[PDB]
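**Q** Before I ask anything, let me first share the structure, which is written out below as structure tokens.
All Cβ positions, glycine included, derive from the backbone under ideal geometry; neighbour counts span all protein chains shown. Every number here is computed from the coordinates shown, using simple stated rules; none is lab data.
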Amino acid sequence: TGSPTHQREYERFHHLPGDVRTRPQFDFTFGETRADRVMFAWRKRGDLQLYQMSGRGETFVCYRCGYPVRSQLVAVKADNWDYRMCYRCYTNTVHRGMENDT
Amino acid sequence: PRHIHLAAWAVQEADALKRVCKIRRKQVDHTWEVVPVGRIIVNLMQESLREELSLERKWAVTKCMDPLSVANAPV
Amino acid sequence: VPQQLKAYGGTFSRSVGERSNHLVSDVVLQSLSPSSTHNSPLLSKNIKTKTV
Amino acid sequence: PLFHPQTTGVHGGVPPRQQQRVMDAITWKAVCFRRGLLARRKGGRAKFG
Amino acid sequence: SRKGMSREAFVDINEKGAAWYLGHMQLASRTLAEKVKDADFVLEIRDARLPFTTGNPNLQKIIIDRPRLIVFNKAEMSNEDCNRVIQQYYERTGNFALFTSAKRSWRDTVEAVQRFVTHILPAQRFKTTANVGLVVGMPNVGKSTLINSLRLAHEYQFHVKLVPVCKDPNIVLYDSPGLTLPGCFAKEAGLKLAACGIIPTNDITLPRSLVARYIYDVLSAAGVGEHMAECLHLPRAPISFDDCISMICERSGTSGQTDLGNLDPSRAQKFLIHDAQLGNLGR
Amino acid sequence: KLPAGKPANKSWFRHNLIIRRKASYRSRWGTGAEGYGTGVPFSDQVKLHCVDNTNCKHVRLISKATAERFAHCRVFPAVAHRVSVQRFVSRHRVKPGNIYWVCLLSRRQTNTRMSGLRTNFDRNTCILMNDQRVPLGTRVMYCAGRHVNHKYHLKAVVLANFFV
Amino acid sequence: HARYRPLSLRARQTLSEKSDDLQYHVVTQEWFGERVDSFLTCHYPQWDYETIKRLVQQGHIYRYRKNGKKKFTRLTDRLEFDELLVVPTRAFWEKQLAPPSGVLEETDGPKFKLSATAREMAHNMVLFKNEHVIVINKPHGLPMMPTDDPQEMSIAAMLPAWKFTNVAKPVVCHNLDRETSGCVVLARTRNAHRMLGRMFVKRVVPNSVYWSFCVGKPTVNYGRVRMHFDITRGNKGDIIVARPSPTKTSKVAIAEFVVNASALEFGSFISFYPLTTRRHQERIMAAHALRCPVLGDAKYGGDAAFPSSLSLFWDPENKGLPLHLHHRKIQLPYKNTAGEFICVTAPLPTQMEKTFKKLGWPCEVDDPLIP
Amino acid sequence: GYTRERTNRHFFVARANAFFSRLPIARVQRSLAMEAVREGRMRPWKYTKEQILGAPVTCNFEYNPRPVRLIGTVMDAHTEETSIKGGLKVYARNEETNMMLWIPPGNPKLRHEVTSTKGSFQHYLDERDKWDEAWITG
Amino acid sequence: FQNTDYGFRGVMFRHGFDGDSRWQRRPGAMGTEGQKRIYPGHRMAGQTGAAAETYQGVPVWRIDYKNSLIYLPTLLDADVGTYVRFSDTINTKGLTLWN
Ligand SMILES: [Zn+2]
């Protein structure tokens, strides 16, 4: 709904519940542009960590739902990017308390 | 090789006055070391290699620079 | 030469309500999947499964 | 999705209009190729050779 | 030529197609023994020039009971005295030996196999059954050619790998595609095989220079320099391998390349311009 | 294609190995007769003469770039190609497959010094060298160049009688 | 353990229903709303939550709601009143053909002492290390697993050396030949091992490279190699039949070879990017498919891998020449501060470094084909 | 078009070729040649191609350690009169080396001197034939 | 100075030899950004020639104040008669020219 000077990118997904409504712990925008394009990273909610990228969307497959998901929010398990997880199942896992048991 | 290296170092020290640089401290060739001293050059070898390559014989037998020597067919 | 673009060469079945719409009831069974049960006039209303 | 599943056995599940364009292009190419082949087989000229 | 690894030392032809068997014959020893056990007789095909090098050591080490017939091809190329002594050795042994030239290995080998089956091979309990012979040999020697010829004959008649020979006495042959291939070999064995022509020479792995040098060395050791010179037609007996190469180039022509002249001794050796052999044995 | 998703050129290593000059109007490989820095280093498969007592007579280069301008900052491996023969020891025991280093002694191409001198030798000349930068031959049968006066060619300087 | 047969889904279900070694925990008023995972944790203190989740998610533990069918439930699903929860028993796991999940069993083994010199060697060997994975430069001659001779050194034996501040030693994720050196990967934790095991199965996108020095030069600079292997047992060793076409019992082996730089028709430097894992795929493909054996491979290029061409550098009669094959630039899922994946490289061994130096080619260079 | 490649500013478009007559280029160049002569890097020479072709020249290149001494012929001469823009070709022939080299005048290190007062065109022809044969064989 | 005008020349003459935006390093996902136009920096055929070039820090070699001439030991890609502008380099290799 505005330029970054008025609305930070992580605030775009403010209609969804979960950690996305909390300010990310790490910002990688001012320094440089990371190859993967991840611009924000949230505090590890267990072995899972949430990242947001400045791209139209990376079509990955989450190992919980199993569906291909196209979004900027990606949850990775124990820093292993080979196992991505979409924000819906990330939020459900955090709510159920299965952060370290998926 | 140790004797060769020691002799080369001694020659370089004797030339120390006008010497500009030293020889390598790690002997590349363990049977032949050459110390260049301006127009003079000293070659220290072992007996086997000296007999193999007879530079002394070649340079003693080679004829002087005759200007007419260039008046021959090409090769 | 005849045609060089196809989406599905084969033909589908005329049946709509079930796999065996044409067959008579006394020759084929009726699918008990919930999708068929939903339209079924008997299997949708009441079904008892709890046991003593 | 298919065009008309009830008539897939007739039109390959593709709109005839799209099929019409595809066949127009392919028939143009095939006619050019056939003319070239006739010229080659008859001596560079179809009617004359 | 340019390519290093020789294919003929690894490749054969099974029913499905070409295959690259790897390892040494000792690995297959067990499978070969089982094949021979389930077969009725054995037909071994070897090269007379280097018989003990062409043969499969595991076969002779493991199975001696089953009747076996050995066919030494290129007998005319091979030396006569060695052929006779090894023939006597095999006759003393329970096996049989047969030395064959080109046409002999072509058809007389099948004729002799039929004679062997009729004479010595016992009679089967039934009649519709067939006497089975396991064929063991390097495909380049001629085993592959024989198998292919039988396959073509059977296919034309109709129009595991078992190929029939004749309707009576119902002889069939089992194929052993990759049980006796050279694979990796010693330097001396490779030189011998290259000289015999069974392994093509390469500019990298085993050069023609080394092959011809080995041939010249063995001839000089035999002490046949004058006869070699006479066979090659060069004027005087050579004193060194380089001298022989130079003489060959001079004989061939003024513009005789060293490699061109070095290629000729190998062709002559393969074509029997000199009669010799490469192989040892025991009594 | 590699890497998948962003294919690159498979000639990355040979790019480091070879020195290439962008053929543009401001950058070109001269004929070697205009001034210093003009010319072109030899390619891999160039065949050149080896002048020494060694049995070898022709040598095929292996370095993707060989020239006098940088004969001291680079190693020129090469393979004997057409070896001679005798009619009768290490020097005479070369083989047409062995690989040795080489030391440039001359180039058939026009070579220009920084002093304005231009030279055109008649033969591409080299000499066999062991991995320890010691020549295999006992002596030389050709004239070296100014580049051969570097300390990286000390034994070559000692053996070669005449320079240019 | 033995006596475990491969079972189809129907066979597993039939065995589970027929077996009488099941315990039915009733859900009373007190455990009505309690979650399945908490209920199992309270009722089986000896078991671990890993075992609980594995059993529940693989169906070995289920619940019966009096419905005439056995419901398979998630770990987060609540229980219900007057319903049974069916859990197997040690008898169920042992006295039948159904194998258990690889955790519930109480198998254990002894340990082995390591010398200080060996520990220092392992520490020097280690290249990369993080909280999850280690990458180490396995040498040339050392093996990975125990050899046919029990009294021999092995990476498996040295594994406890690099158990840095962890209760349990790491686990090798993949294995290398006894003659090939280079990067080898160890998972610190069991979860890390399970996650990283999906990398080393057959893949279509290469993630690692093999730098090799091959005698001869292939006819083409870059290409693909595909060979189907039919590995079978022999007398002492194993026979490896390679064919171009597929077969019922064969396994494919695929690689992408790029000739980085070839001296001449005599020797060449190649990089292999494998898309599949087989016994000796790189060596076999170089020897036969490319017809250019590795410079130190005597098992396939016997008497041809040791050429007279490099007599000046390596003695052709020294058959102990180390294999000129080196695993390099293994790409890991874990990223770095710059956002790019971690590509762990291993320095070239002594022999390959010497050969490159003598040929004048640089050794330390980044391989762009593996980002 | 985010960038430009051509400049139309008067400073650059202007040329002084019209006013070039104010400065004598030839006199300056001849003065430079005379300065070189005085310094001794070269001596004056006024010869024609017919006169010089085939003349023997001795070249002493003051390299180190041993100055290079060569004797050759004169294949060609760039100019017929003393000038900095000169140069002379030579065909030196050592024991087994045949090098054809262009030497410019005025270089303090490449002391080249035509040792004869005259040359022979027949000698030039036969030496040129020798060089051609050597080059072809090479 | 002004470079000599070579006219309108092709890519082989000017810029003649004859980064990444978004791509997936691993097979984890599918996200890319292709090139949808020509970027402003693209070596292309055009008018190569006349242009204000500036050689920096050319040493002086010889001054002839009688004829008002300065000799610089370099060759310019400019025509005779071009009005060159001489300025004094202010530093080199971290030093100052005048000191
Ligand atoms: Zn999901």
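**Q** What strands (runs of 3 or more DSSP E) lie completely within region A:19-86 and have 3 or more residues being more than 14 Å from the ligand (Cβ to nearest atom)?
**A** Numbers: elements: A:38-41, A:48-53, A:58-61, A:68-71, A:73-77, A:80-85.
Those strands (runs of 3 or more DSSP E) span A:38-41, A:48-53, A:80-85.
**Q** Right, another one. Which members of region G:120-138 meet the condition of being loosely packed, with under 15 Cβ neighbours inside 10 Å and over 29 Å from A:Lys77 (Cβ atoms)? Step through it out loud before you land on a result.
**A** Of region G:120-138, the ones loosely packed, with under 15 Cβ neighbours inside 10 Å are G:120, G:123-124, G:130-131.
Of everything in region G:120-138, those that are loosely packed, with under 15 Cβ neighbours inside 10 Å and over 29 Å from A:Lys77 (Cβ atoms) turn out to be G:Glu120, G:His123, G:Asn124.
**Q** Further question: Checking D:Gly13 against (1) on the phi < 0 side of the Ramachandran plot; (2) in contact with a helix residue (DSSP H, G or I) (Cβ under 8 Å, 6 or more places away or on another chain), which test does it fail?
**A** That leaves (1) as the condition not met.
**Q** Considering only region E:119-152, how many residues are surrounded by fewer than 13 Cβ atoms within 10 Å (Cβ to Cβ) and either among the basic types (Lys, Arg) or assigned to a helix (DSSP H, G or I) (or both)? Steps first, answer last, please.
**A** As a first pass, look at region E:119-152 and keep what is surrounded by fewer than 13 Cβ atoms within 10 Å (Cβ to Cβ): E:119-120, E:122-123, E:125-129, E:152.
Keeping just the survivors that are either among the basic types (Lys, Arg) or assigned to a helix (DSSP H, G or I) (or both) gives E:119, E:125, E:127, E:152.
Number of matching residues: 4.
**Q** Still on this structure, I have one more. Given the conditions (1) within 14 Å of chain A (Cβ to nearest Cβ); (2) in a loop (DSSP other than H, G, I, E, B); (3) in contact with a strand residue (DSSP E or B) (Cβ under 7 Å, 6 or more places away or on another chain), which single one is not true for G:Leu332?
**A** G:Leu332 satisfies every listed condition except (2).
**Q** Can you tell me which residues in region G:324-366 are within 26 Å of G:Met144 (Cα to Cα) and in contact with a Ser or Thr (Cβ under 8 Å, 6 or more places away or on another chain)?
**A** If the condition is that a residue be within 26 Å of G:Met144 (Cα to Cα) and in contact with a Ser or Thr (Cβ under 8 Å, 6 or more places away or on another chain), then G:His324, G:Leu325, G:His326, G:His327, G:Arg328, G:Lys329, G:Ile330, G:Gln331, G:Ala346, G:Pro349 are the ones that fit.
**Q** For chain B, which fully contained helices (runs of 4 or more DSSP H) count at least 1 residues that are more than 14 Å from chain H (Cβ to nearest Cβ) and touching a helix residue (DSSP H, G or I) at 6+ places or on another chain (Cβ under 9 Å)? First the steps, then the outcome.
**A** Numbers: elements: B:2-14, B:47-52, B:55-61.
Of the helices (runs of 4 or more DSSP H) lying wholly inside chain B, those with at least 1 residues that are more than 14 Å from chain H (Cβ to nearest Cβ) and touching a helix residue (DSSP H, G or I) at 6+ places or on another chain (Cβ under 9 Å) span B:47-52, B:55-61.
**Q** Can you pull out every residue in region A:87-102 that is near the ligand (Cβ under 10 Å from one of its atoms) and of a type in the set (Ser, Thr, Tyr)? Step through it out loud before you land on a result.
**A** In the first step, residues of region A:87-102 are kept if they are near the ligand (Cβ under 10 Å from one of its atoms); the result is A:87-93.
Within region A:87-102, A:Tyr87, A:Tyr90, A:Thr91, A:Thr93 meet the criteria.
**Q** Out of (1) surrounded by 19 or more Cβ atoms within 10 Å (Cβ to Cβ); (2) more than 8 Å from every other protein chain (Cβ to nearest Cβ), the odd one out for F:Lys151 is which?
**A** Among (1) surrounded by 19 or more Cβ atoms within 10 Å (Cβ to Cβ); (2) more than 8 Å from every other protein chain (Cβ to nearest Cβ), F:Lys151 violates only (1).
**Q** Does E:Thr109 meet the test of being in contact with a helix residue (DSSP H, G or I) (Cβ under 6 Å, 6 or more places away or on another chain), among the polar types (S, T, N, Q) and surrounded by 14 or more Cβ atoms within 10 Å (Cβ to Cβ)? Steps first, please.
**A** Details: in contact with a helix residue (DSSP H, G or I) (Cβ under 6 Å, 6 or more places away or on another chain): no; among the polar types (S, T, N, Q): yes; surrounded by 14 or more Cβ atoms within 10 Å (Cβ to Cβ): yes.
When the stated conditions are applied, E:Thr109 does not pass them.
**Q** Restricting to region G:263-274, what's the tally of residues that are closer than 25 Å to G:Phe200 by Cβ and within 11 Å of chain F (Cβ to nearest Cβ)? Give the derivation first.
**A** Within region G:263-274, the first condition is being closer than 25 Å to G:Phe200 by Cβ, and the residues that meet it are G:270-274.
Restricting the remaining residues to those that are within 11 Å of chain F (Cβ to nearest Cβ) gives G:270-271, G:273.
Counting residues in region G:263-274 that are closer than 25 Å to G:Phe200 by Cβ and within 11 Å of chain F (Cβ to nearest Cβ) gives 3.
Conditions (1) surrounded by 10 or more Cβ atoms within 10 Å (Cβ to Cβ); (2) within 14 Å of chain G (Cβ to nearest Cβ); (3) more than 30 Å from D:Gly12 (Cα to Cα), marked per residue:
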residue	(1), (2), (3)
C:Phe12	yes, no, no
C:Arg19	yes, no, no
C:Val27	no, no, yes
C:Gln30	yes, no, yes
C:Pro34	yes, yes, yes
C:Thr37	yes, no, yes
C:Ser40	yes, no, yes
C:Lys45	no, no, yes
C:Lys50	no, yes, yes
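**Q** Follow-up question, since we're still on this one. Specify which of the listed residues (H:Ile84, H:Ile52, H:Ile25, H:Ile71) is more than 30 Å from F:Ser106 (Cα to Cα) and surrounded by 12 or more Cβ atoms within 10 Å (Cβ to Cβ). Spell out the reasoning first.
**A** Working: H:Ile84 fails: more than 30 Å from F:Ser106 (Cα to Cα); H:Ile52 fails: more than 30 Å from F:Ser106 (Cα to Cα); H:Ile71 fails: more than 30 Å from F:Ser106 (Cα to Cα).
Going through H:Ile84, H:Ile52, H:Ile25, H:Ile71 in turn, just one is more than 30 Å from F:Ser106 (Cα to Cα) and surrounded by 12 or more Cβ atoms within 10 Å (Cβ to Cβ): H:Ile25.
Residue-by-condition table, conditions (1) within 39 Å of the chain's Cα centre (by Cα); (2) part of a strand (DSSP E or B):
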position	(1), (2)
G:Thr14	yes, no
G:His25	no, yes
G:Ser38	yes, no
G:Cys42	yes, no
G:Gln46	yes, no
G:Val56	yes, no
G:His60	yes, no
G:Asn67	no, no
G:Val86	yes, yes
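Table: residues versus (1) more than 14 Å from chain G (Cβ to nearest Cβ); (2) hydrophobic (A, V, I, L, M, F, W, C); (3) over 12 Å from the mean Cα position of the chain (by Cα).
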| position | (1), (2), (3) |
| --- | --- |
| A:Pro4 | yes, no, yes |
| A:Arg8 | yes, no, yes |
| A:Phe13 | yes, yes, no |
| A:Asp27 | no, no, yes |
| A:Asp36 | no, no, yes |
| A:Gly46 | no, no, yes |
| A:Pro68 | yes, no, yes |
| A:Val74 | no, yes, no |
| A:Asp79 | no, no, yes |
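**Q** Mind checking which residues of region G:192-222 are on the phi < 0 side of the Ramachandran plot and either small (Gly, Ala, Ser) or in contact with a helix residue (DSSP H, G or I) (Cβ under 9 Å, 6 or more places away or on another chain) (or both)?
**A** Here is the first cut: in region G:192-222, the ones on the phi < 0 side of the Ramachandran plot are G:192-215, G:217-222.
Listed by number, the residues that qualify are G:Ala192, G:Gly197, G:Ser208, G:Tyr210, G:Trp211, G:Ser212, G:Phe213, G:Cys214, G:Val215, G:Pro218.
**Q** Continuing with the same structure: For residues in region H:102-138 being within 14 Å of chain F (Cβ to nearest Cβ) and aliphatic (A, V, I, L, M), which is farthest from the chain's Cα centre (by Cα)?
**A** Across region H:102-138, the extreme among qualifying residues is H:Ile136.
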